[PDB]
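See below for the structure under consideration.
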Amino acid sequence: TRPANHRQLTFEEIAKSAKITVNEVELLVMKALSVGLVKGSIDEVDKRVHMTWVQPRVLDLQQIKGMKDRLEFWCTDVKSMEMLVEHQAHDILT
Amino acid sequence: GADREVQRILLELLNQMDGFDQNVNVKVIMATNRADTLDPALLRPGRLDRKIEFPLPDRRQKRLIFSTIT
Amino acid sequence: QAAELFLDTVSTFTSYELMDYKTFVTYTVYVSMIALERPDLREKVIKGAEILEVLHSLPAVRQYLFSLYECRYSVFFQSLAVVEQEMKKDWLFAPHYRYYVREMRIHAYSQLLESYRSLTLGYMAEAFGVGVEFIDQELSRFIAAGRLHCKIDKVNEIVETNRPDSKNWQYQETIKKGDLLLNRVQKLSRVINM
Amino acid sequence: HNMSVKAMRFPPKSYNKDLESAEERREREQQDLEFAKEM
Amino acid sequence: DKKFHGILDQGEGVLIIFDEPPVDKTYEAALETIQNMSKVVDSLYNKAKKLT
Amino acid sequence: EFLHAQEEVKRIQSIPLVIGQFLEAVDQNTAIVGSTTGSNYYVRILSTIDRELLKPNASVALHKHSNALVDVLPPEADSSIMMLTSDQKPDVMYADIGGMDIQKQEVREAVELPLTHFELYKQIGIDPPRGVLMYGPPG
Amino acid sequence: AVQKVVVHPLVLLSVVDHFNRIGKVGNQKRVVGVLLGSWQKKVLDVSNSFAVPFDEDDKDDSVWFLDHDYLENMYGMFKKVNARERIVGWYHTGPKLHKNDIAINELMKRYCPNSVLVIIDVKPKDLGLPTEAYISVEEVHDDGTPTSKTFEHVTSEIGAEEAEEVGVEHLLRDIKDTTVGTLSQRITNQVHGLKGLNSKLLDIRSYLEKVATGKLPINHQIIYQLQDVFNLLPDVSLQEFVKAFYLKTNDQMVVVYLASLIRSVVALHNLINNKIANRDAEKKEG
Amino acid sequence: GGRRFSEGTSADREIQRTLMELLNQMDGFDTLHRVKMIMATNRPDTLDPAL
Amino acid sequence: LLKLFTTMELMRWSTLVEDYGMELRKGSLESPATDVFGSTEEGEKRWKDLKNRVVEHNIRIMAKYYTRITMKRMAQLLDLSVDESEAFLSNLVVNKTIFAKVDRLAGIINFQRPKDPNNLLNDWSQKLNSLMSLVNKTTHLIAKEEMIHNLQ
Amino acid sequence: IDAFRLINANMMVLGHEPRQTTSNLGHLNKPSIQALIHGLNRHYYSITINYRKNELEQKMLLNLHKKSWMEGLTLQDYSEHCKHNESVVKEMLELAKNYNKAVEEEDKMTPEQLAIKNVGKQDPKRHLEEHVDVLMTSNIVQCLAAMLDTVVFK
Ligand SMILES: Nc1ncnc2c1ncn2[C@@H]1O[C@H](COP(=O)(O)OP(=O)(O)OP(=O)(O)O)[C@@H](O)[C@H]1O
């Protein structure tokens, strides 16, 4: 659910969404890393975890709209940056 | 001709010992039986300076060979 | 390069131009104390029997050298005025007696100051050399001169330090030499071909 | 660098003759190749 | 004596210890090239400035 | 166009390349060699050879008919290649030679000590020996 | 199992000349042939080939024929002239994956274990390499059919040979952007490279056409990788990643500044080498 | 075999070379194993002591 | 037993020895277990070498997954002194088999924290190469998925 | 290649020169002296040839021989690029000291002697501008290729 912006949750949030105490969530997430459904790191002193890779799930025809749109303006970045390459690199080779 | 060839053998090595410049570490070790049948022009300095005879041990280094072999 | 040409002090002889060999010893120690750091000083000039016994005849220079080595900071300025004043009167050091001790100051400052970080400013008067405002105006012209890598606090009365990685200071001399040689080749290029 | 390129191509001058080989030695080389073809 | 490096505190005696090998090989070994080349351009006076 | 002709000249190389040896050159880009056939020749070059890769004793390359310089060679010797170092030591130890304290240390002084500690002989400047002759009764 | 393939220009032209020699049929005929060669060190090799007689009718297109007598005799000739040369698979002319190319490979699997196919191009236009090879994998999986088999494309490239480069470079004579300096990579992979990313960008846009309108199977095995693309989308500009980027860039223009500083002095030495050719020549000759 | 010479005639030069090839080939830098040499003479007086 | 040292975090030592320090007398297997019990000095080396492996099996995966942990939390997961915890974390990093940078003013220790001048953009380039291989993976898989439904 | 064909040796006995040139098309390539040793003419003749190619073949071999894939969109061993960037500069210093050597014997013996005389030992001039090209092309490519991916990738 968390985007590629942060995806860094906290043990208080695990204690909120899973109603399980502070001294068990680390034993939970070490098991999640041992299974390998998730891949990230664990800070203990700031009570946050840097989740990086998650197990990929399935999705309906609504998520391909968002993946469609995030593909869409990623096209014109390649168009725009390559446009400088053919324009400024014009006379370098015919 | 068999002697002229050997003459040309000695001329080449006599040149190539002078083709050095003290910078390369190429050391020539030469071992013979009789020093009598040799040219002293081979034994000039710049080519040959160190001469090592192997004299016979008498008692002292002699017993060490007995220790090592026995 | 002067101390490096003065590296041996063994094959150097009872000369004609320094008829005292000990005068040559004083010259090579006066240039070496700037020229080399502690490792070289804690191996080279401290373990030489040929260098120790000739300044064994010297009361002043033995004390003037060892006071920096034994961290005898306050007495170092005393013989510093002596050796600097003699250097002012001396031939061939008279071009640079003014440049010598201002290197000796910033060397003796940086040696002590790169030990601590939280060392205050009113510590150096009684342990290092008297005059708090003298230390003030003397360090202000050195941090302000662009060396003596630290940052002094004033009204909480403490001297802070920092550490620069060799990424800016090693770069500064590169832009200096680049501007120098660019001035050189541009000047020559204006000279030749009219 | 470019000024050391552009203030540089005036001493190209008096490049009078790049003779290929010769005329007499070329005819003599053709005669020697003719002798090689006859032999 | 620079055999070990760090810092020393006087209020309580905390030794902040840190190390990284800095970039040394890159800048100076390209820097002495400059003072070679300045000697080359000074040698260009011995064939250019005196001559033409 | 000059890059096209730049590769074209090496057709003379091929396989049958004359195996001579460089001796000297009269001038720029024309030299004198001595073939492995026994005779000497006044030969031409090929231009792409770096001329600063010349003149030790490295064997040059010659065309078998037109007989000019083709290509420089890495060195070669058939004699005893290089003492192949694996099954080539005669596994005699220093301890196997008893009673040669003078000469064993003395040849170490002359042969492998300037080999390793070259700058001591350079710094004191005592002219380390070029070659060494050793002799005596057999056995 | 199979790393990659090696394709020569001799067989590459030696399919297209067959497309010329059966191009007189006009209507429709596909160049299907037997692919010969080796594979060593798990690197696939393609050296020689021929083409088998083949016809195909549009009604009931599940019928193929290869003259196996022609397959035996000419390949026995090829073994006799070249015992090193052997079978490596087959090929078809491959415009758009014709349907008999699921059981041609099963027809002649009894000769080569990895009886690999090669799709070629007869109308050459793209921004890449129109050379293709699949590999046969079969699957008894949970979904799909119980008997399920789908080809999988192993990567494809044009291997060279020191013999054939003389003839290839001889037959070009047209344009060749060699003298690889500061500009060859700029066009072979920087002008052309981002446009190489253009087509792979546009291919998932071509899969994207099934939002509510395209084909009936939806995702299953397409979207874990697509999720992994946006998941593995690289790091944003906040870290010392910025400062290390500035650091190493700022280190690189030291070297560029150095060599740039040397070059003008080099051409200045070349200038004095020309003024010496000016002033001590004009008085001498006149 | 010979003893040696002080190099009188021109013939015994290369014969001394032929003999000194033999002496080095006997026990010079080689594991002389399984190759047994049996010799014979009428006078062992004209022989090299190195032989 | 081998499952415990193949798998993830171990239940300290007291939560283990109450479950397995008793079957070493039971069953029909008690004799090399009595080579663990009966000798009390070799056996003591087995209680303390067993204690070494169970106190170490924490430390490996702690170094793996724990970016920065407090000293008291780890010493609580070792059920012993903070000083004995420092003796455990000294002789392993002078062994340098587990790298850590511990604290003794705030107790803020951490694992695998170098300066990294290079691995930021270096591992970033690794992410680039894996990204371009990943987008190369789907591309040749799409067109055959179209060919199995819209061929003829 | 030079495709040949027999000529009649009967006409050689006749002393009659064959083949009756009506076009300046055959006497364009000159025959070799080695085939002139043989019977190329006395018994055979040369033929001028060319080759038949078309755009159907030119594009499909031009666009396919030396083509990269995503190679220039990489970083080229990001720890070792700068390491190599010292691994050239370090001996480039001493080669610049040879450039601080060889200029100093100018205004001396004429440079044609400085052409023959330098065939045993290396020059700083050519070897110098070699590594300027090497260090330049090794750096600017990885520099620009490093900076496109910041724009393209997020
Ligand atoms: N420590 C020793 N000192 C002298 N001789 C020894 C020693 N140990 C063994 N020997 C014997 O002396 C012989 C030395 O062999 P080597 O071939 O070196 O003799 P040499 O001096 O070269 O005489 P030649 O030139 O006739 O071979 C060996 O055969 C060995 O049996």
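The values are calculated or read from the model by the stated rules, or taken from the named source; nothing here is a laboratory result. Virtual Cβ from ideal backbone geometry, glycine too; neighbours counted across all protein chains shown.
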In the range J:104-136, anything surrounded by 14 or more Cβ atoms within 10 Å (Cβ to Cβ), at the interface with chain F (Cβ under 10 Å from one of its Cβ atoms) and assigned to a helix (DSSP H, G or I) is listed as J:116, J:127
Residues that are among the aliphatic types (A, V, I, L, M) and either surrounded by fewer than 18 Cβ atoms within 10 Å (Cβ to Cβ) or not in a strand (DSSP E or B) (or both), drawn from the range G:37-58: G:43, G:52
Can you confirm whether the range G:186-195 contains a residue that is in contact with a helix residue (DSSP H, G or I) (Cβ under 7 Å, 6 or more places away or on another chain), of a type in the set (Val, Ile, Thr) and within 11 Å of chain J (Cβ to nearest Cβ)? yes
Those residues of the range G:109-140 which are touching a strand residue (DSSP E or B) at 6+ places or on another chain (Cβ under 6 Å) and assigned to a loop (DSSP other than H, G, I, E, B) amount to G:111, G:112, G:115, G:117, G:131, G:134, G:135
Give all pairs with beta carbons closer than 8 Å in which a residue from the range J:90-107 that is on the phi > 0 side of the Ramachandran plot meets a residue that is surrounded by 15 or more Cβ atoms within 10 Å (Cβ to Cβ) and among the aromatic types (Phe, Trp, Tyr); count only pairs at least 6 apart in sequence or on separate chains. none
Of those in the range G:267-283 that are of a type in the set (A, V, I, L, M, F, W, C) and within 8 Å of chain D (Cβ to nearest Cβ), the residue farthest from residue J:127 (Cα to Cα) is G:281
Identify all residues within the range H:12-27 that are within 12 Å of the ligand (Cβ to nearest atom) and within 11 Å of another protein chain (Cβ to nearest Cβ); write none if there are none. H:20, H:23, H:24, H:27
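The rows are residues; the columns are (1) at the interface with another protein chain (Cβ under 7 Å from one of its Cβ atoms); (2) polar (S, T, N, Q); (3) under 28 Å from residue A:13 (Cα atoms).
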{"position": "A:43", "(1), (2), (3)": "yes, no, yes"}
{"position": "A:48", "(1), (2), (3)": "no, no, yes"}
{"position": "A:55", "(1), (2), (3)": "no, yes, yes"}
{"position": "A:63", "(1), (2), (3)": "no, yes, yes"}
{"position": "A:66", "(1), (2), (3)": "no, no, yes"}
{"position": "A:73", "(1), (2), (3)": "no, no, no"}
{"position": "A:77", "(1), (2), (3)": "yes, no, no"}
Residue count, the range B:19-47, condition among the charged types (D, E, K, R), within 7 Å of chain F (Cβ to nearest Cβ) and within 16 Å of the ligand (Cβ to nearest atom), comes to 0
Run residue G:243 past the list (1) more than 10 Å from chain J (Cβ to nearest Cβ); (2) closer than 22 Å to residue J:71 by Cβ and report the number of the one that doesn't hold. (2)
Give, as residue ranges, the helices (runs of 4 or more DSSP H) completely inside the range G:171-286 that count at least 2 residues that are in contact (Cβ under 8 Å) with a residue 60 or more places away in the chain. G:192-207
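Each row is one residue, and each column tells you yes or no for (1) more than 15 Å from the ligand (Cβ to nearest atom); (2) out of contact with any helix residue (DSSP H, G or I) (no Cβ under 8 Å at 6 or more places or on another chain); (3) facing another protein chain (nearest Cβ under 10 Å).
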position	(1), (2), (3)
F:112	yes, yes, yes
F:123	yes, yes, no
F:133	no, yes, yes
F:138	no, yes, yes
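Per-residue answers, yes or no, for (1) over 28 Å from the mean Cα position of the chain (by Cα); (2) at the interface with another protein chain (Cβ under 9 Å from one of its Cβ atoms); (3) not β-branched (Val, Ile, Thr):
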residue: I:91; (1), (2), (3): no, no, yes
residue: I:100; (1), (2), (3): no, no, yes
residue: I:105; (1), (2), (3): no, yes, yes
residue: I:119; (1), (2), (3): no, yes, yes
residue: I:136; (1), (2), (3): yes, yes, yes
residue: I:145; (1), (2), (3): yes, yes, yes
residue: I:152; (1), (2), (3): yes, yes, yes
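For (1) of a type in the set (D, E, K, R); (2) outside the structural domain of residue G:166 (by CATH); (3) out of contact with any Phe, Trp or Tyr (no Cβ under 7 Å at 6 or more places or on another chain); (4) outside any strand (DSSP E or B), each residue gets a yes or a no:
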site: G:16; (1), (2), (3), (4): no, no, yes, yes
site: G:20; (1), (2), (3), (4): no, no, yes, yes
site: G:35; (1), (2), (3), (4): no, no, no, no
site: G:60; (1), (2), (3), (4): yes, no, yes, yes
site: G:63; (1), (2), (3), (4): no, no, yes, yes
site: G:66; (1), (2), (3), (4): no, no, no, yes
site: G:78; (1), (2), (3), (4): no, no, yes, yes
site: G:84; (1), (2), (3), (4): yes, no, yes, yes
site: G:97; (1), (2), (3), (4): no, no, yes, yes
Say whether the condition of being touching a residue at least 40 places away in the same chain (Cβ under 8 Å), part of a loop (DSSP other than H, G, I, E, B) and under 17 Å from residue B:38 (Cα atoms) is met by at least one residue in the range H:4-13. yes
Against the condition out of contact with any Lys or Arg (no Cβ under 6 Å at 6 or more places or on another chain), of a type in the set (A, V, I, L, M, F, W, C), assigned to a helix (DSSP H, G or I) and over 25 Å from residue I:7 (Cα atoms), how does residue A:83 come out, does it pass? yes
I'd like to know if the range F:90-108 contains one or more residues that are surrounded by 14 or more Cβ atoms within 10 Å (Cβ to Cβ), within 12 Å of chain B (Cβ to nearest Cβ), over 23 Å from the mean Cα position of the chain (by Cα) and more than 16 Å from the ligand (Cβ to nearest atom). no
Tell me which of these residue B:50 doesn't satisfy, since it passes every other one: (1) over 30 Å from residue F:55 (Cα atoms); (2) over 11 Å from the mean Cα position of the chain (by Cα); (3) surrounded by 10 or more Cβ atoms within 10 Å (Cβ to Cβ); (4) away from the ligand (no atom under 16 Å from the Cβ). (2)
So how many residues does the range B:1-37 have that are surrounded by 12 or more Cβ atoms within 10 Å (Cβ to Cβ), within 20 Å of residue F:103 (Cβ to Cβ) and not charged (D, E, K, R)? 6
When the range B:53-70 is checked residue by residue, the ones that are more than 11 Å from the ligand (Cβ to nearest atom) and either assigned to a helix (DSSP H, G or I) or more than 27 Å from the chain's Cα centre (by Cα) (or both) are B:59, B:60, B:63, B:70
Scan the range C:104-114 and tell me whether some residue there is more than 10 Å from chain E (Cβ to nearest Cβ), aromatic (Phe, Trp, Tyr) and surrounded by 11 or more Cβ atoms within 10 Å (Cβ to Cβ). yes
Residues to consider are C:161, C:174; find the one that is within 10 Å of chain E (Cβ to nearest Cβ) and touching a residue at least 24 places away in the same chain (Cβ under 8 Å). C:161
Looking at G:135, G:175, G:158, can you tell me which residue is more than 9 Å from chain J (Cβ to nearest Cβ) and either closer than 30 Å to residue F:3 by Cα or not small (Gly, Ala, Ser) (or both)? G:135
Select from the range H:15-51 the residues that are over 12 Å from the mean Cα position of the chain (by Cα) and more than 30 Å from residue F:88 (Cβ to Cβ) and list them in ascending order. H:40, H:41, H:42, H:43, H:44, H:45
Looking at F:59, F:47, which is the one that is away from chain B (no Cβ under 14 Å), of a type in the set (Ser, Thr, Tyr) and either within 17 Å of the chain's Cα centre (by Cα) or within 16 Å of the ligand (Cβ to nearest atom) (or both)? F:59
